[PDB]
Structure formats: structure tokens, C-alpha cells
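Residue numbers (the entry's author numbering), protein chains in the order written: chain X, 2 to 565; chain Z, 2 to 566; chain V, 2 to 566. For every residue, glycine included, the Cβ atom is placed at its ideal position computed from N, Cα and C. All remarks here apply to the structure that follows.
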């Protein structure tokens, strides 16, 4: 028979979780005990709740969904930051919070871990602003319905949800869960709408030979990556990815022309997008970053807008059309439209210009680090790229089919990458997991590397130490851009705690030249028992050209004066 | 080509609306103009926004959905009361509010019809607490997606939703709407869950011969009324309706045993429910009213709980199972289980005892009014029953199959019945529409009868004038129970305004005896050009026995002292 | 000893309430009983909760503060509309709502009069958006602190507040209330700030001879009306009132030049405001209406902004300076600055042109109605003017010192005027209370006239029957501007119910000519036992010139197209 806690545990197992992330607190201990009873998943502990949330976010990138368990007030409020992140990044993270004893409501009781007042709905009310569903459970009988509701919502919407559970009901009996299939149950595309959307698309491109396909950052959330390839193979047109959609489309595919990102696009891509008669955008997010400060907005009159659950084409909106079904059906009916791919090729724009192997003994530079990391990419590799120059280094990499890049380009919380890489590595231990992170960003969430050591995860961390040098130093300089330098390599041994209560097999290495970096990389690949941090020393004012061009555009937009 | 306003109009037409309800204000005039461009539905005006909301609520009872258009803040805030009502009663009402010029946000501008501050998201934030979806539209390009989202949500959840539209974008161009079928698109039952739920139900009742079926007030919201009949015909068991589910099951059906409502159930029903080995509850709402102050709660160990979208049976919860599919599939597989119906019959409990025709010249009494209204019921009739003794008079009526009763038993806003009857009559003009309402309740929303006159709706209104006498007068007496008496009959001529700018064909009649009531009823049936209000005079302390019994239980529950934490 | 309910009652009495307004419901009956125990104020009942709220709003205009008691969910939600109104109009209205039994929280209980869910904090959460304070009381021990907090806040901020009280704790013991003076305790002006603000004002006008004073609609909320007169007498400058500040300054005062309202200002006033070197604005609200669609915005470089609790002068902001203290201190130090008054006089702009007495037998026109109502004005009179042409008729009236006009120009809820006049008349029975209201507006809240009859209030109601003709008919015509005409005069006898359970002394009269109006007015003045409604018939397209000019400006602003970011 089931309890509130083991009901939750079973549902989590049913949606495919092999782990859930947790930070113990006195309002969730019993809940944690009940979750532990289910041996079909492991309970993974984090340092703090912000990192716990980002760890779950990363896990959701690897496995499709995730769960984080925190305590009331102490364990939920900072987690909200990561949950907002999951919302921004379209990841079904389930946040479960412990909550006060159910006898303490409407009782005139002031409780610890709260604001000092006698009511306790404020955390729920806050959560509603950043989730797709949010439920508080005060009695055991209500638990099954609220649990099923938030989980189904999360899976359907691809958004985080919130659950709080009174601390004294987690062990109490409730109904048993039905079949797992119920949790994934979703509407099918409306047939008439699906057919009409496809037909209107064909009518739209009938006399438009130059058709470009623009792959957007919600393509995975729509589960439409495979269908996008079938569609483009049938179309024979040019395919470009938006920045945040890196790796959402196979780069070895003969139709792929590279990154479309305004004035920092791959050679020839900007001109090809401009010359297209029609642009088919697959699940795009057009924000101030992806439009390069509102300078690169797709022409509304050429645009076919195919969102995850609707299509706008030829001046008509079709809701209730799943992107996956739309692309599949379109692939069966569309005729060859090579015009824009032909145009791209006729530009002779060449390949993206990349630096040649540097002299091994010369001072390390950014382009050399990027060169060597790129050489590590296999079909089995995932690169977690932090906000900053790492975005642009990763963007410049040629990906073998199967290789993945993970970006947090909508939320853009610096420090996300460390706990995210931890969570990702827990969920995909079979992959070569690489983390590219700046020194400044690393400091916000550094302690989660200790959990990588604890679970023996062979994450390779490229820490770029340019003494806190970021684009802000060039375009908007101030004392606030400076940081306290650490010995990042030495931090590994601290986390190991060798000759202490326990042990660890992490390694910290320094690289000041191309040659030293090559040696560190070999040591890192051989280290299978723990993470390896490679501290890469480069001068300041050494970043990609793209970062500078793009950065100035975005700054100009952010700072534009008020209009009447 | 479409505008924000004509896009909304087309979607409303696509979900089957033939009317939408409106109160003009300067923040929605252009929106109203655009809605008027679609000639496939009519724009109906109401006195105030509370009544506008309740009118839409009543329309949704007749047609399945409805829409109300109001202005910003003054218009929307009182409508929220009716929207909360629609939420409580599971009716897809779409509330559309006009809103400030989109240039006035983040501008440091104080606007009229607002709190006097410079931001304008408070109305949206309030609306989120009482709707299934709530969206504000500030630019034309965002309109289509937000409109489709709230409408789809409303239809799927059977709950009200909220839309606000900046006043200066209603006429602006936007995309055109796709096929109507997209708006009704919903998930099917999960097959495995559906099958498992049916099987577990069979296993549960395998060694339980006495199976009773309890019909709940969400059965219509689940669209499962027809399937409930197929199921009960197959089962051969006893079927009872909860109070708020009156008319959700055919009363001429030979399995039907009457109302289950604790100590005010139909004769023999309470005992039959108590003796049942299994109770199959179809879309129930168990609240303090339907459990008679928590005195009549179904035994958890006997209960099969079949909600609109899930089933709990034999200790297992099955989400993603639509009640309609569950009942249909169960009807194909279930074996005959007559045990509780046989038990009911063996009680010889008799039929509900009803008063014989009174002496026509004797002072009118409550039972005589109920007798005559009951005699008006046809398969084509709908009774709208207001909170109060009217609930219990209507509950005691034997309904011919097809006859409907409308209750607002979850929200229980007094005065709901008048605008609700208006809205209902607009949506179902082909029916004989009867309103039963107390004098006290009538006063809250009386002016909407003027709209009945205006649109020439032949609603028959039985106004019970016992000088504000309610159950509170007996169990919790105080000066607050007293009202100012009106000449309710005379109010009809006021609303007619004959010899004025326009005209009206409403009639107001008085009845102080059974004979006078019979004559008034004949005049009312013949009046096809407007509403007929029959003011029925009865003494105080003249109400149903059920109201008294039930009322005392509910009062005791509400007043129980705090338990120590 | 005290209970939660009698504690609240005592506090209400302590702030000077002689009445509180109520609509009974099962969640507040015990609370109402406890309030009744205090014989130092009366419990006044209203038809519906919207009207209850507006009645309290009107009472607050007469007495300074007010209270309304409603039930949970069904009652409170519509009252929110009136509470938002009180917030917009800076009136300390205390809304008290009944609430569920305190045993029903975190209990998995579904309760009647709620959304159908098991939690009950949504009403409190909604209330927070439209009040200065909002507290829920679940236990008796918490009551005294929460009651004192919301009341003190209301009095200090001049804003409405919200209280809900669990129905089963209203009779439970709690601490006794201390001295009344604690409730009014407020900070004094910061001395250094007060002095600096005055000194910067003097420096600002040192070389600015033409100083105009602009009286704003928050002057009463600041309690600074008397101090404004002392200041202007000392200054010797020109004084104009903004539209919503009508009667906030003595019109017989030698410095008063009339209404400042853009292109519909009194003769010469617009030019005088434009020529002024400095404009001292006393507690202004500059919104889309008061700036005539953003066409009349005071020059920022000439403006001295004296708010209720702060002053912005000469580029410096001084918080913690009460307007009353600022004006008083300024009056002691300021030198004579007659420049703008001299300029105004030198314009020879003449007085506002008013129509001469019409031929008594000619068809009644708007200007003739306004003429006769103006002739009713005494130092003892209050005119409640409804949104519409009534705003402009009242604006054109010359007020004898002491005569008051009440506007709801920030919230602008049509129908406000009827319940507001009721509440006002309850609070100021010694005054001659006049209500000017259009037919369309009257219909929203008409039933509250029945309470005027019930309490024998001699309100004189001028109902303008132009068949729903409003400015919208001229500038934005549509079917939504039309109404169902009533026989408004006949409605009085309906509310009287003579020859029924009770009685009434209201009178309904019709006037189609100046002569008939004069006779009706005499009958109205002699009717001391109840309200008198005078139904005035005028043609359509007969309204003030100001309404047309102002209306077009505001419409243009509301409808301006989006600016492309």
C-alpha cells in the first residue's frame, strides 16, 4: 500500500526518473525517507538549494524531466531562481517543498523558517508566478490528485511545476497510482487543422523558390528534432540554426549551412536568410539576444511560424497542430525547393575561418583553447557552455552528429553551468561531459564540483582564467567587473579531502600554453574516477570577435532612451 | 481580413455562441463595434456587470458556453463575482474586459476608472484567482494565441477564463482564425487506464450485490448524462441523484429512486444508500451543503469515485479516464446487480407525500404554489430555482423526462436566478422557462427583468412574497433578516414604460389564493410577448419541512467551535 | 468583557461611526449580532453588496470614515468594486467579510459560497490589490491587533482596508480596546523639512509675481481645506479649482476665479493659468480626465507640487511634510502676490454665461433643469453628481459657502450616485441632499432608493430622462448606447409598497416643462418623510457644451494608436 511520499516516488519513477535531487531540512525529512523506499531511483544530495534546482535542470536536459526536493522557505525561495530558469528553458522540473505541520494553519502559530507571521500560503503564491502548475497538499486524501495534476502538466507543457507537502502527512496512507501511460496522455493534432496548415504552407511556398529553414530553441521541447530532419531532407532547402538551437539539427547534413545570428552568423548565412523568399521557423524564440538587439528580426511577410503546438502560415493561425505531426506530414507532401541552398553555395562564402594549431610553447590564447576542446568532440560528447565567451567558442565548433551543446540562453544565470553539468552528468554518465566556464561564473556555484567528486563523475571542466575579463570590461567598464582571483586548480584537492573522513579522485591542472593544455587534456581523459578541472590562463581582451560585435548591439538596445 | 476584435468574434461563433452579453464602457466601445461586425451572433445588453456575468452564466447552462464583455475595473470587478460563480458551477464563461490604451503602460500616467496609480496589472492578477486561464493582450500580434488559449482552456476545463484587450488595438489587423475543430480538440482517455479502471470496478463489485449509483452535479460538465443512463440500464441497480444533480438523470427511468440528501432524502433512499455494499458516485461534489453539515458522508470503503477525468476504485487512482468513456465501457461489461434496487422496493417506503389540491378560496400556502408549478412541468420546461425554499420546492417535483432544473448550489449567490433566467431564456427561447425566486433574492438583481421585457422573453416568474421570510428567521433571527416590501407586480408596468419612449409587454399579477394563482398561471401561459411575474402572497413560517431539517444541520456545522491546536 | 465582534464594534464607534452598513449572509450572522450589541451605532441594511459598498463610500464622504459588513465570496467579491472605488476616491472604508469556520482550513473540506476547492485564502489575496491593508482573522487572540492595524492604516492613509473574520470566532472572548486617541495617532511634519519646504517656496516665487493656486481633489483627504483658505487670503493670488475639487474651496472668496479644466474652464481661467509665473497645486490628481486627454498639463517649470504628505518645489522633494502644516506655515510667511488675480480681472472675461429663466410651458431643456437645481443650493446643501452630463451641470453651479458637491471622478462607476446618496443621507440627515443622475446610470443601482424610503430619507432625486442619451451617442454611436426605458416616477410607489406588509412615503413626479419642474420641486421640498424622484424629460442631443468639447478630447486620447517601440 502507498503513502503520500511513496505515491510521489512511484510517479517520479513512472515518468522515467532514475534520480531525484535533494537538500534535507526539518520540513522534508520524512518525505525524503518515503522517497528512499523506492529503490528504482537514487536520492542525490546537493550543497545548496539554488544548485539543487540547477542540478535538476541539467538532469532534465539529459533525461527529459527531473525533480528537486527542498525544505520550506529555507529550501524553496532560492530554488525559485532555478525553477524560473527551468521555465525559461522549457524543462519539466518538478519542485517539491516540505511544508509546515498541517495542524499549524489558522492556529495563530508562528513557525521557524517563516516570515514570523501566522499564515503560510506566501510560498505557494510566489511559486505560481514561475510555474505551469502549483499545488499545496495539506491532507493525505488530496495528495494523489494534486501530484498527478502537476506531473501531467509539467510533461505536457514542458514547464516546471510546484508541490508542497505538509511535513506530517508524507508517511500517511493514500490511494495507489494507476498506469504510467496516464501521465503522458496528451491530445493529438486536430486533423482538419493539421491538414489545413500543411496545405496553406504549400500554397505559400508555391511561387517562392528560395526557402530557408530556421531551427529554433524550442525544437527539443516539441520533440520534433527527428521530424525536422525528415522535413529538410524532403525540402532540399537551406537549414540554419539560431544560436540557442545549436546541436538541435545535424551539422553533417548536406542542407545545413551553419548559425544564423545577425551580424555574427556563419559566412554567407546572413545574406542567404536575407535573400530567401520564405523562411520556415521551427519553434523559434525571438528575444533581444537572438535578434542581436532587435537588429535581426525575420521579415513577417516571408515567415512561416511553426511553434510547438500551433502554426501561423499565410496569414492564418492554426492552433492544436503539434510541430512533430506538422513536419512529418509536410515532409510527405512538399516538393523540392533548393533555391536558397543553391544561392548559399553560389556565394562561395567559404567555411568559418578557424585558427591553425598554435606553437605549443607560446602563451595560451582563447582560440587555441577552443581549437583543442573542439578536437575532443565525439558523437558521444556534450558541451555545457556557460554565459560569456564560452557561448561563442561553443557556437564556432563543428559538431559530429550526436554531439550535443547545452545552452541557457533565455535565462542566462551565470553559474548555471556548474550544477547543470553535475546534474547532466548524473543523468548521462555514458557520455563525455565537457564544461566550459569562465572564472567569474564558476565562483557563484563552485561547491557543486564537490558533488562531482563525491559521485565520481568524470566531468572535464575548462575553467577560463582571464582574471574576470568579460565583454562588460570592454563596453561598460567599472570596478564591478573585477573579481577576487582564486587558485582554481587547487580547489580540486580541497574538495577531495584526501587524508580526511572520506576521499576523492578529482584532479586540478593548470595550462598556460597550448602544450600544457594538450597534456592536461590527456590527464583528464584518463581520469575516470572523478572530475578534472583544467585552469586555462589567458590574457585579458582575448575573446571571440563575435562576442564583441554581438555585445555592442545588445548593450545599445538595453540602453536606448525612453520614447514619448 | 481580421482584426483583434473580429478574430475574437469568429472564435466565439465557432464554439457555438449565438449571443454574447455586454455592458458598454469607454474602454470597450471599439471592441464592441468589431464584435458587431459578425452577424452570426447577437450582442445583448445588460443593466449592470454583475447581472451581465450571471446572464452569461445562465446562457452557458442552455448552450454549453457563453461570453460577457465589460469595461476596465468598474466593469470587471463586480463581474468577478459572477465569474467566481461560473467557476464554482463548472461553466465555460469567457469574460472579456476592455483595458487602457496600450501607450499608457510604464508611462507614469494616472487613468480614469483605475485606482489612481500608474500601473494596470492588478485586475489581471485578481482574475487569476477565479479563472482557469487569464491573459492580457497589449499588442495585436499577441491576440490570436491568447484568444485561442483561453477559449480552448475554458472548453476543456469547463471553467471561466479572462481576457483583457487594450482599447486601441481592437480594430488593428491580426492573423485569421483556423478551423473550429481545433478549439474542441482534447485528449482521449488513456486506453490502458480506461481498461484498468473498468476491470478494477468489476473486481470491486464482484461480491457486492447491493450496488447503488449516486449521480453528482458535475455529470453535465463531464458530458456524461447519456452514458450514465446506458450504465444504469446495464447495471440494474438503484440510482439516486444528489440535490444539485436534479434533472441530470431521467426520473421516469425505472431504476431511479429519487433524491439522496441525508435526512431530507426521498422516502427509503437514505436507508438504501446506507445498506448498499457499493456506491458508485458519478462526478460528485461533497461539500458542507450536499453532506447536510457533514452528517451524510459516503462510506469511503464502499465508494467508487468516478470524477469527470479520473476514477478512484478499489484503492487505486486512474487519471486520464474520461467519465463518458468509463461509463460507456463499463456498461458493456458489467453484470446485472439489482440488490439495492430490490432492497429499496422491499422497503415499501411509498412515494414522496405531496399535498392534495387546496381549496381555491383559502389563503395561499407554499405547498399549493409548488403543486401548481409542478403541474406546469413538461418535457420542454426548465425551472430556474433560487437559493432558499425554492431549492426544496423544486427538489420535491417529479420531472417528466426532458424537463430541466437549474441550481446554483455551489456558489449560492442570492439574486443569481433573475439574470440567470434572462440569459437562459435568450439561449433557449424554445423552452417553457420558469423562475422560482423569493422576494428578498429578487431585489438584488430585479432590474434584469427589464431586459426580459426588452427582448420579449416569455419567462414565467413565481415571486414568493412572504415578507422576506427565510430559514434564518427561524434558526438565527435578527433585524438583518427583514427587508423593505415592494409592490412586485407593479414593477412590471414600470419596466414596460408604456406611453413612453418605447414599450413593453410584461405582466404583473397577484395571487393570494389557489384560485387566483390558477388564473394568473393561465394569463402567464398566454403571454407570449414578454415575461409574466406572479406575486404569490404566503404567510411567514410557511416553508418546506426539508428546509427546516437541513437548515439546522448546516447552521450547526458552520458554527461549531474551534478545536484546539 | 469583549468578544472579537464587540471589540470591532467599539473601535468603529471610537473612530466616529454612528452607522455601519450590512448585508446578512450565513458567514457573518454572529458577527452582525455582536455588532448589534453596541447601541452607540446603528446597523443599516442594503439590497446588494455592491450598493452596500457604495453606501459606505457615500457615508465616508459625510462623516470621514465608514464600514461595510458582507459575507464570504458571494458578498465580498462584488463589494470589491466599491472598495476599489473608495481607494480611487481616498475614502477610509473598512470592509469586513465573514469567513469560513476556522476548523475548515487545511482539512480537505469543500465549502458552499466558495470556488469548489479546499483552500480559502483567495479572497484575501484579491483584496490586497485594492486596499491599503488586508488581514484575515482565524483565532480570537489575533483579532485585536489585526483590527487596530487595519483601522489605523485606513485613517492614516485615507484608503479602504479589508478584514475577514472566521464565522465561529466572532462571539469568542478577546482583550479589551484601549483609548480612541491611539487610532488617530500619526507622525507630525518633520520640522526641518517643513521649514525647508516653506523657504524653498518663498525663494521660488521671489521673482514670480503672477502666482496661481490650483486646488486639487485630494485636499479634503489631506484635511487641508481650511488651511488652503488661510494661505490664499495671505497670498492674494488667483485661486482655481480642478473639476474634481468642486466645493473644496469657498466660491464666495474674493480670490476664487472658477474652474480650471483645459478648454472647458470658466471664462478667463485657462488664459490666467497659462500666463502664471508659478502654479501652486494643492493635492492634485493629474489623470486623463482632469488634463482633458493630456491636452492641459501644468508646466513642470512653473509648478509647486504640494501633495498631502510631501512637497516638491524648486527642484527639491520634501517628504514628511503634511499639506495642512505646510499651508499654515506658508500663510504666516508669504508676501502678497496679486499678479495673476490682477491679470485675471484685467481680462474682463465676464462671468460664466448662464441661461435665463425659460418659458414655463415650453418643453423642458437641460439648461432649465440646471437653472432650477442651482436655485435650490443653500449653505446646507449637498449635490451628488453622477458621471455624465450631471458632472458638467454641477460644475457650472455657483455654490454658496458651505454647499457641497460630491464627485466620483477618479473611479467613475456609473450607478455610484444612488447608493452613495443613500449612504451620504444616512450620515448627514441635517442637510438638503440632492441627487443628479441620468436614466442609464440610475438603472444599475436603482433598488437602493427603496432603502431611502425605508429609512425615511428626504433625498431629492433629479432623474434626467433623455432615453439613455449620453456623449457616446454623439461621438461613438452604437446599439450599446441604447437602454430600455422605464417609468421612473412609478418606481417610487413600487418601493413604497403601500397597502402591503409595510409602508413608504416616497414620491415620484414627472416634469416635461419648466413649470412642471417648479411644481415638482415644491412638492419635493415639502416631502420630509421619504425621497422624492423627479423624472425630468428632455430631448436627446440636449447636453452641456462642455461635455461635448471635453468628451471629444478624452475619446481621442483613449483611442490613439500604438507607438512603435
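Residue environment, residue i, which counts as buried when at least 16 other CB atoms sit within 10 Å
{"i": "residue 533 of chain V", "result": "buried"}
{"i": "residue 38 of chain Z", "result": "exposed"}
{"i": "residue 526 of chain X", "result": "exposed"}
{"i": "residue 106 of chain X", "result": "buried"}
{"i": "residue 298 of chain V", "result": "exposed"}
{"i": "residue 476 of chain X", "result": "exposed"}
{"i": "residue 502 of chain X", "result": "exposed"}
{"i": "residue 564 of chain Z", "result": "exposed"}
As assigned by DSSP and simplified to three states, the class of residue i
{"i": "residue 463 of chain Z", "result": "strand"}
{"i": "residue 151 of chain V", "result": "helix"}
{"i": "residue 432 of chain V", "result": "coil"}
{"i": "residue 71 of chain Z", "result": "strand"}
{"i": "residue 561 of chain Z", "result": "coil"}
{"i": "residue 262 of chain X", "result": "coil"}
{"i": "residue 541 of chain Z", "result": "coil"}
{"i": "residue 15 of chain X", "result": "helix"}
{"i": "residue 283 of chain V", "result": "strand"}
Option nearest residue i by Cα separation, candidates the options
{"i": "residue 308 of chain Z", "options": "Z:275, Z:377, Z:107 and Z:226", "result": "Z:226"}
{"i": "residue 484 of chain X", "options": "X:234, X:445, X:14 and X:457", "result": "X:445"}
{"i": "residue 437 of chain X", "options": "X:22, X:392 and X:451", "result": "X:392"}
{"i": "residue 376 of chain Z", "options": "Z:363, Z:387, Z:355 and Z:388", "result": "Z:355"}
{"i": "residue 62 of chain V", "options": "V:40, V:86, V:82 and V:71", "result": "V:86"}
{"i": "residue 566 of chain X", "options": "X:207, X:254 and X:397", "result": "No statement about residue 566 of chain X is possible, as the shown extent of chain X runs from 2 to 565 and does not include it."}
Distance CB(residue i)-CB(residue j) smaller than 8 Å
{"i": "residue 138 of chain Z", "j": "residue 167 of chain Z", "result": "yes"}
{"i": "residue 178 of chain X", "j": "residue 197 of chain Z", "result": "no"}
{"i": "residue 211 of chain X", "j": "residue 128 of chain X", "result": "no"}
{"i": "residue 279 of chain Z", "j": "residue 205 of chain Z", "result": "yes"}
{"i": "residue 165 of chain X", "j": "residue 98 of chain X", "result": "yes"}
{"i": "residue 59 of chain X", "j": "residue 425 of chain X", "result": "yes"}
{"i": "residue 184 of chain Z", "j": "residue 159 of chain Z", "result": "no"}
{"i": "residue 84 of chain X", "j": "residue 161 of chain X", "result": "yes"}
{"i": "residue 328 of chain Z", "j": "residue 229 of chain Z", "result": "yes"}
{"i": "residue 474 of chain X", "j": "residue 482 of chain X", "result": "yes"}
Going along the stretch 252-274 of chain V in order, which residues come within less than 9 Å of chain Z, judged by CB to CB distance?
-> none
According to a CB-to-CB cut-off of less than 8 Å, which residues of the stretch 137-157 of chain V neighbour chain X?
-> 137, 139, 140, 142 and 143
Taking a cut of 7 Å between CB atoms, which residues from the stretch 305-331 of chain Z lie near chain V?
-> Listed in chain order, the positions of the stretch 305-331 of chain Z with a beta carbon within less than 7 Å of a beta carbon of chain V would be empty, since no residue qualifies.
Please list the residues of the stretch 423-454 of chain Z that have a C-beta atom closer than 7 Å to any C-beta atom in chain V, keeping them in chain order.
-> Within the stretch 423-454 of chain Z, the qualifying residues are 444, 445, 447, 448, 451, 452 and 454.
For the stretch 407-422 of chain Z, which residues have a CB atom closer than 7 Å to at least one CB atom of chain V, in sequence order?
-> Answer in chain order: 411, 412, 413, 414 and 416.
Contact list for the stretch 187-200 of chain Z against chain X, Cβ threshold 7 Å = 187, 188, 191, 193, 194 and 197
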